[PDB]
Amino acid sequence: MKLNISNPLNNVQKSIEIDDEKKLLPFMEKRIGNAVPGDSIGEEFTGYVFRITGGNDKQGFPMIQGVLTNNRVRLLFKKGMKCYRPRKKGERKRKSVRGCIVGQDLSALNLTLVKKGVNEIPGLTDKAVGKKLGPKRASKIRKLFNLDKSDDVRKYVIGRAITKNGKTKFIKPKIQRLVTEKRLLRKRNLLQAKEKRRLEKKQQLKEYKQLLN
Amino acid sequence: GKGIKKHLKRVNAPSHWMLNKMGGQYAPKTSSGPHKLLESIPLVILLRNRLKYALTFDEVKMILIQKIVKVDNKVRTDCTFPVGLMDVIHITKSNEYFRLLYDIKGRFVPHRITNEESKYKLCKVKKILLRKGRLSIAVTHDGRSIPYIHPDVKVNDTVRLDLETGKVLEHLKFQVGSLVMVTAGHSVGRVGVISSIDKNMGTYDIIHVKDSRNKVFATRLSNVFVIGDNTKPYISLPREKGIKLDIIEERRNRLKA
Amino acid sequence: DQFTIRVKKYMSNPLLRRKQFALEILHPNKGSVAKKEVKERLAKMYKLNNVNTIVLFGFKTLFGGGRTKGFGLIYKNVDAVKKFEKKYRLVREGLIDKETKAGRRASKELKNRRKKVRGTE
RNA sequence: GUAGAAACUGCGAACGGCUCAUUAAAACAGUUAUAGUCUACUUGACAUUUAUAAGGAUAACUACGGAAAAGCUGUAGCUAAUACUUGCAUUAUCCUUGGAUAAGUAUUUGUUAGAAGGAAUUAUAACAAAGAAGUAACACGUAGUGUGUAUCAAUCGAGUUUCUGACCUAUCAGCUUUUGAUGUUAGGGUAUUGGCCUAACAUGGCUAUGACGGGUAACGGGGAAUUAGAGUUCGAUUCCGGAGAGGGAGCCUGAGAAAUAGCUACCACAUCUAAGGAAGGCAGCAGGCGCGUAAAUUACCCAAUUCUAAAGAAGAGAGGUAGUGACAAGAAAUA
Ligand SMILES: [Mg+2]
Ligand SMILES: [Mg+2]
Ligand SMILES: [Mg+2]
Ligand SMILES: [Mg+2]
Ligand SMILES: [Mg+2]
Ligand SMILES: [Mg+2]
Ligand SMILES: [Mg+2]
Ligand SMILES: [Mg+2]
Ligand SMILES: [Mg+2]
Ligand SMILES: [Mg+2]
Ligand SMILES: [Mg+2]
Ligand SMILES: [Mg+2]
Ligand SMILES: [Mg+2]
Ligand SMILES: [Mg+2]
């Protein structure tokens with residue numbers, strides 16, 4: 001029925017409502033994860049290819065990938081699976097879930113875009129949106145801006161907006177795994193402590209060995 | 001569940017703590033550490049019930065937050081830390097020193113030693129172990145490992161330990177003429193010398209002790225603590241010097257106005 | 001007007017910042033001289049340039065009349081009083097004045113907020 | 001620099017509180033053993049076969065959704081860590097030289113030597129094979145700490161275990177052993193000993209000094225009532241030990257559970273509903289029905305006693321305070 005189509009490359013998605021057996025006939029009896037032509041659901045969709053990734057049935061139970069049935073089943077879930085979240089550590093619970101074969105009793109599709117066609121379908125293919133968050137580990141910034149050991153990394157981070165009094169202030173994330181001088185004090189302190197312990201053990205052994213007599 | 005218990009009820013606490021049987025259903029429940037529960041006292045009890053510095057538990061907490069109380073030359077902030085027999089206590093703010101001892105009853109007291117005496121304590125040896133490289137380690141009543149022990153130290157004598165550095169100063173043997181303090185039933189603060197040793201094979205060894213008033217008492221071996229050679233002790237003692245009179249003459253003395 | 005003060009088991013407590021003592025008040029053929037006059041007399045005794053460093057509590061009148069017992073507490077400065085005296089004492093003396101009454105109906109908010117999830121919670 | 005709704009991570013929820021159904025050499029009490037074992041937090045000792053700093057992925061968050069309903073959740077797009085991973089750089093002995101090398105913590109196998117305990121196949125040492133896991137790619141600014149880490153020892157505990165000790169009944173005299181009953185041999189399994197289990201073998205084991213059965217309106221002690229001295233009768237109920245969470249069985253996490261305000265089924269009972277489905281366990285504190293001769297407030301507070309935590313500062317029907325109360329106890333008007 002209700003279709004949710006998303007474009008992974010450009011981070012934009014659009015929804016349409018279809019109530020017709022003929023328009024949705026090609027989707028039937030197809031598992032999740034495989035491609036499917038999208039001509040039949042609209043004139044503008046000629047040459048567009050979509051891919052089934054989810055959806056849930058009339059009562060609202062989600063679709064899961066493993067089960068090879070056309071209807072609802074009943075499993076016991078654990079920490080590492082999909083349609084569950086534990087309340088305690090080590091908790092396991094039995095719930096009812098829907099198969100992965102596409103049938104007439106679905107209430108949503110949740111399918112993504114694969115290939116474009118000959119028209120532009122405004123609001124799904126023309127636009128694009130950025131990351132919404134920039135990296136924080138230093139090496140990631142080095143790889144993002146193609147830098148070297150010489151290029152200081154504290155200058156290449158992006159603040160957002162502030163317009164208090166100055167037009168640009170650019171408050172920036174704290175970046176991690178940076179080579180603070182402190183982390184060198186750690187190395188030298190560890191080395192000196194190890195050397196002191198070695199000296200103490202040598203002195204203790206010599207005193208003991210002379211102590212026997 | 002049935003795991004380790006965490007609470008202690010008041011009428012089940014050891015009787016030498018002397019806790020009021022009203023005012024509460026619980027006792028401080030000392031932590032795990034160098035001393036056993038029954039042969040020790042928590043720091044809260046010492047610092048509230050005995051010395052009267054604090055009026056509640058929270059005041060003990062606000063005392064210990066500021067780091068001014070040292071046991072065995074190290075600051076502690078645990079309100080239920082075990083404080084044990086021969087342990088020295090320093091309160092920096094008031095410039096005071098103490099050593100816990102038994103009195104002639106079974107109850108612990110702070111003895112108020114001076115500064116020069118505050119630089120050592122006495123530890124009794126519980127066992128001697130041989131480890132890798134044929135190096136010896138001594139285990140004391142204080143829960144303490146001493147490496148490179150002298151070859152002439154056995155598993156029942158006592159040693160004198162420097163506190164600034166964990167090194168050994170000298171040791172005292174466990175003989176027929178040594179001076180002793182007793183640490184369990186029917187005689188808990190008594191000081192005498194030693195008269196004889198028994199050595200029963202499969203069971204306990206019985207030893208006899210003679211007082212300085214020529215009174216004789218005996219106990220087990222495992223509750224004997226050597227504290228000096230034949231002549232003199234190596235620490236100061238409380239007012240009574242471990243001399244236990246009986247009830248008739250104790251009462252007679254107490255009635256001397 | 002005509003009363004006498006006897007201070008017993010006086011102690012100095014440098015770990016805290018106060019002096020600790022017990023108290024006995026004699027007042028024959030009258031009744032229960034008030035706390036303010038006691039504070040003023042103590043201040044006159046120890047020269048106590050101010051009176052806001054004194055705490056008194058636990059006053060009993062000893063059936064028969066004519067005498068009273070209690071406890072006292074004198075601090076080095078008002079900063080210590082505020083630092084390490086409990087709140088109800090600090091309200092009776094008047095050093096602070098706070099009367100927030102959130103109540104033990106906060107348990108309802110504790111419970112019905114555990115059923116909502118990350119965002120709306 | 002300071003503060004900081006969410007969320008990831010860590011620790012704790014196995015302690016506390018309640019009840020007495022089961023249970024008659026069982027549980028429990030005094031007295032022993034572990035040379036037959038496990039042990040988080042805390043305490044003391046203390047280590048071995050790119051380096052000016054490595055990896056990818058996921059919460060919270062944004063947009064598009066489904067279901068009557070529930071502490072339900074789908075798809076796509078980012079990003080951290082003491083989460084999850086990988087991995088650098090030094091010395092001690094043989095006889096003022098030099099090479100050899102140790103190149104391996106626990107644990108398993110084979111061959112030997114040997115300060116302590118009543119007793120060793122004990123610490124420990126050598127030779128020949130295997131080999132986990134680790135020794136800081138972390139945080140604070142107080143020369144110090146915090147968090148984490150291999151072995152040993154201590155501490156808080158537990159599992160097993162020796163000897164002795166219970167009410168009435170013989171109209172209960174012979175029980176147990178094909179399907180483990182009593183022993184020997186070899187293994188399996190467990191944290192370790194053991195018919196605890198499996199195969200082969202033998203015919204044993206208990207009993208009128210009461211076995212095997214029946215009954216209890218029987219949880220066991222510390223204790224209570226009454227008695228000159230002997231005795232007789234009680235102990236659901238302040239502390240200690242045991243057992244259980246409607247009745248049975250099974251299981252995950254974790255140092256610790258056969259846990260039930262943890263999970264999975266069956267039997268009984270019972271809730272919401274759009275009829276497709278989803279949720280349940282007061283012998284915890286109050287309170288209600290029923291049962292009966294027979295028993296209190298749907299109150300206030302963390303101030304005291306203590307416990308948990310990222311441990312002054314938060315929380316606690318543990319606990320304290322008051323309300324009802326001729327159970328029981330003490331003093332004491334009506335001159
Ligand atoms: Mg249970
Ligand atoms: Mg307190
Ligand atoms: Mg319990
Ligand atoms: Mg067989
Ligand atoms: Mg009983
Ligand atoms: Mg009990
Ligand atoms: Mg019931
Ligand atoms: Mg259960
Ligand atoms: Mg149930
Ligand atoms: Mg319940
Ligand atoms: Mg109730
Ligand atoms: Mg009644
Ligand atoms: Mg408190
Ligand atoms: Mg802190």
Side-chain angles (χ1 to χ4, degrees), chain A residues 2 4-8 11-15 53-63 76 78 82-85 87-96 107-112 129-139 149 173 176-177 179 181 183-184 186-187 190 194 197-198 202 205, chain B residues 1-12 23-37 56-58 61-62 65 78 81-82 126-132 134 136-137 139 142-147 151 155 166 201-202, chain C residues 84 86 88 104 114-119 121:
Chain A
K2 165 82 161 282
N4 305 313
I5 305 102
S6 86
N7 194 167
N11 186 22
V12 73
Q13 69 275 17
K14 149 192 184 72
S15 71
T53 61
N56 47 11
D57 73 340
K58 297 265 202 180
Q59 279 77 58
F61 296 96
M63 270 174 66
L76 70 90
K78 304 176 170 67
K82 184 73 80 168
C83 316
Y84 174 54
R85 71 193 281 280
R87 294 323 187 261
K88 278 200 152 207
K89 282 189 178 286
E91 196 205 64
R92 316 195 297 196
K93 181 137 189 166
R94 177 159 269 136
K95 309 177 80 183
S96 74
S107 196
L109 268 294
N110 287 348
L111 73 167
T112 64
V129 175
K131 285 315 191 183
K132 186 182 175 273
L133 281 186
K136 185 180 297 218
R137 192 181 294 171
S139 77
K149 319 191 279 155
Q176 211 78 44
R177 286 185 200 186
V179 276
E181 293 177 350
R183 297 176 53 179
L184 296 173
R186 195 137 70 201
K187 294 269 180 201
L190 204 78
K194 281 203 211 295
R197 164 79 183 118
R198 179 179 176 272
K202 177 193 282 269
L205 294 174
Chain B
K2 193 63 75 167
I4 295 186
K5 285 169 163 281
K6 306 281 165 191
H7 290 73
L8 179 64
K9 294 219 164 180
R10 221 169 168 84
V11 295
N12 197 24
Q25 311 265 327
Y26 293 113
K29 178 51 178 189
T30 177
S31 300
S32 43
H35 299 288
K36 291 181 181 178
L37 192 141
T56 53
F57 205 109
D58 287 336
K61 185 65 194 287
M62 328 181 306
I65 281 297
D78 191 359
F81 189 74
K126 299 298 276 290
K127 72 176 75 175
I128 284 157
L129 303 172
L130 189 55
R131 282 291 154 262
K132 298 292 183 182
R134 284 201 37 111
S136 295
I137 295 184
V139 173
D142 211 17
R144 194 191 282 256
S145 290
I146 315 293
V155 307
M201 293 177 71
Chain C
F84 61 87
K86 299 290 261 205
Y88 71 99
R104 269 162 81 89
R114 299 178 68 186
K115 293 184 177 183
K116 305 175 284 209
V117 73
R118 298 179 179 90
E121 166 173 327

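The figures that follow rest on heavy atoms only: side chains count, while hydrogens, waters and symmetry mates do not. Chain letters run A, B, ... following the sequence lines, proteins first, then strands; residues in each count from 1.
- Among the heavy atoms of the strands lying under 4.0 Å from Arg177(A) is at least one base atom, whether or not backbone atoms are also near.
- Glycosidic torsion of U23(D) falls outside 90° of 0, placing the base in anti.
- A25(D): glycosidic angle beyond 90° from 0, hence anti.
- In this structure, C64(D) and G74(D) make a Watson-Crick or G-U wobble pair, each of the two defining distances being under 3.5 angstrom.
- Base engagement by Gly90(A) is indicated by at least one non-hydrogen atom pair under 4.0 Å involving a base atom.
- Residue-environment remark: CD (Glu121(C)) exceeds the threshold of 12 foreign heavy atoms within 6.0 Å.
- Straight-line distance between the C1' atoms of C272(D) and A259(D): roughly 30 Å, to the nearest whole Å.
- Between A191(D) and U226(D) there is no Watson-Crick or G-U wobble pairing whose two distances both come in under 3.5 Å.
- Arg137(A) comes within 4.0 angstrom of a base, heavy atoms only.
- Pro82(B) comes within contact range of no nucleotide atom at all, as no heavy-atom separation falls under 4.0 Å.
- Contact detail for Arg85(A) and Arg87(A): the closest heavy-atom pair is O-NH1, 2.6 Å.
- Looking at heavy-atom distances under 4.0 Å, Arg183(A) makes contact with a base.
- Separation of atoms NZ (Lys14(A)) and CG (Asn7(A)) is listed at 13.0 Å; rounding is to 0.5 Å.
- When the nearest nucleotides of RNA chain D are assigned to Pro62(A) and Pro28(B) by heavy-atom distance, the more 5′-ward of the two goes with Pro62(A).
- Of all nucleotides in RNA chain D having an atom under 4.0 Å from a heavy atom of chain B, the first and last in 5' to 3' order are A14(D) to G320(D).
- Pucker annotation for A279(D) reads north, on the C3'-endo side, since its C1'-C2'-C3'-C4' dihedral is above zero.
- Annotation for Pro82(B) and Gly33(B): closest pair CG-CA, 4.1 Å, computed over non-hydrogen atoms.
- Under the 3.5 Å cutoff applied to both distances, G159(D) and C251(D) fail to qualify as a Watson-Crick or G-U wobble pair.
- Distance check: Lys5(B) NZ to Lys29(B) NZ gives 9.5 Å after rounding to the nearest 0.5 Å.
- By the Watson-Crick or G-U wobble test, with both distances required under 3.5 Å, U306(D) and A60(D) do not count as a base pair.
- Between atom CD1 of residue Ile137(B) and atom NZ of residue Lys127(B) there is a gap of 12.0 Å, rounded to the nearest 0.5 Å.
- Few gaps surround NZ on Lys78(A); more than 12 heavy atoms of other groups in view lie less than 6.0 Å from it.
- Nucleic acid contact for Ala27(B): sugar-phosphate only, since backbone atoms but no base atoms lie under 4.0 Å from a heavy atom of the residue.
- Taking the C1' atom of each, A154(D) and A40(D) are spaced 16 Å apart, rounded to whole Å.
- For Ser15(A) against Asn4(A), the heavy-atom pair with the smallest separation is CB-OD1, 3.8 Å.
- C84(D) and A47(D) have their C1' atoms separated by 26 Å, with the value rounded to a whole Å.
- Nucleotides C234(D) and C219(D) place their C1' atoms 16 Å apart, quoted to the nearest Å.
- A glycosidic torsion no more than 90° from 0 defines the syn conformation; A191(D) lies beyond that range and is anti.
- Residue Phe84(C) is classed as having no contact, given no heavy-atom separation below 4.0 Å to the nucleic acid.
- Using the sign of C1'-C2'-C3'-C4' as the criterion, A217(D) is classed as north-puckered.
- Pairing for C269(D) goes to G280(D), judged as Watson-Crick or G-U wobble with the two contacts each under 3.5 Å.
- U193(D) has its base anti relative to the sugar, with a glycosidic angle deviating from 0 by more than 90°.
- When Watson-Crick and G-U wobble pairs are counted only if both distances are under 3.5 Å, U142(D) pairs with no nucleotide at all.
- Taking atom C1' on both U198(D) and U190(D), the two are 16 Å apart, rounded to the nearest angstrom.
- Taking the syn range as angles within 90° of 0, the glycosidic angle of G242(D) is outside it, so the base is anti.
- Residues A316(D) and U145(D) show neither Watson-Crick nor G-U wobble pairing with both defining distances under 3.5 Å.
- Within 4.0 Å (heavy atoms only), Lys202(A) reaches sugar-phosphate atoms of the nucleic acid but no base atom.
- In this structure, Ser32(B) reaches the bases: a heavy-atom distance under 4.0 Å links it to at least one base atom across the strands shown.
- Judged by the sign of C1'-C2'-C3'-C4', the sugar at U82(D) is south, the angle being negative.
- Of the two residues contacting RNA chain D, namely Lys14(A) and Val117(C), the nearest-nucleotide position lying further toward the 5' end is that of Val117(C).
- Between the NZ atom in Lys93(A) and the NZ atom in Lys88(A) there is a gap of 13.5 Å [rounded to 0.5 Å].
- Other residues, nucleotides and ligands contribute over 12 non-hydrogen atoms within 6.0 Å of the NZ atom of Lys116(C).
- Residues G148(D) and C138(D) show neither Watson-Crick nor G-U wobble pairing with both defining distances under 3.5 Å.
- Under the Watson-Crick or G-U wobble criterion, with both distances below 3.5 Å, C196(D) is paired with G188(D).
- Backbone-only engagement by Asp57(A) is indicated by non-hydrogen atom pairs under 4.0 Å involving sugar-phosphate atoms exclusively.
- Nucleotides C163(D) and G30(D) satisfy the base-pair criterion: a Watson-Crick or G-U wobble arrangement whose two donor-acceptor distances both fall under 3.5 Å.
- Heavy atoms of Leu37(B) sit under 4.0 angstrom from primed sugar atoms or phosphate atoms, though from no base atom.
- When heavy atoms are screened at a 4.0 angstrom cut-off, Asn110(A) is found touching base atoms of the nucleic acid.
- With the cut-off at 3.5 Å for both distances, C201(D) forms a Watson-Crick or G-U wobble pair with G183(D).
- In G277(D), the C1'-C2'-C3'-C4' torsion is positive, which places the sugar in the north family.
- Checking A102(D) for Watson-Crick or G-U wobble geometry (two distances, each under 3.5 Å) identifies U91(D) as its partner.
- Between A123(D) and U147(D) there is no Watson-Crick or G-U wobble pairing whose two distances both come in under 3.5 Å.
- For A202(D), the torsion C1'-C2'-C3'-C4' is above zero, which places the sugar in the north, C3'-endo range.
- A310(D) and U9(D) are base-paired, meeting the Watson-Crick or G-U wobble geometry with both donor-acceptor distances under 3.5 Å.
- Pairing between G110(D) and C127(D): present (Watson-Crick or G-U wobble, both distances under 3.5 Å).
- Taking a pair to require two hydrogen-bonding distances under 3.5 Å in either a Watson-Crick or a G-U wobble arrangement, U298(D) remains unpaired.
- Rounded to whole Å, the P atom of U233(D) lies 36 Å from the corresponding atom of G247(D).
- Contact between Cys83(A) and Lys95(A) at its shortest, heavy atoms only, is O-NZ, 3.5 Å.
- In this structure a side-chain-to-backbone donor-acceptor pair under 3.5 Å is present from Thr53(A) to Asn110(A).
- With a cut-off of 3.5 Å on both Watson-Crick or G-U wobble distances, the partner of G117(D) is given as none.
- Only the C1' atoms considered, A137(D) is 8 Å distant from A51(D), to the nearest whole Å.
- Across all strands, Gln25(B) comes closer than 4.0 Å only to sugar-phosphate atoms, never to a base (heavy-atom distances).
- Atoms CE and CG, from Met63(A) and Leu109(A) in turn, are 8.0 Å apart once rounded to the nearest 0.5 Å.
- Judged by Watson-Crick or G-U wobble contacts below 3.5 Å, the nucleotide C212(D) has no partner.
- When the P atom is compared between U237(D) and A45(D), the two are found 49 Å apart, to the nearest whole Å.
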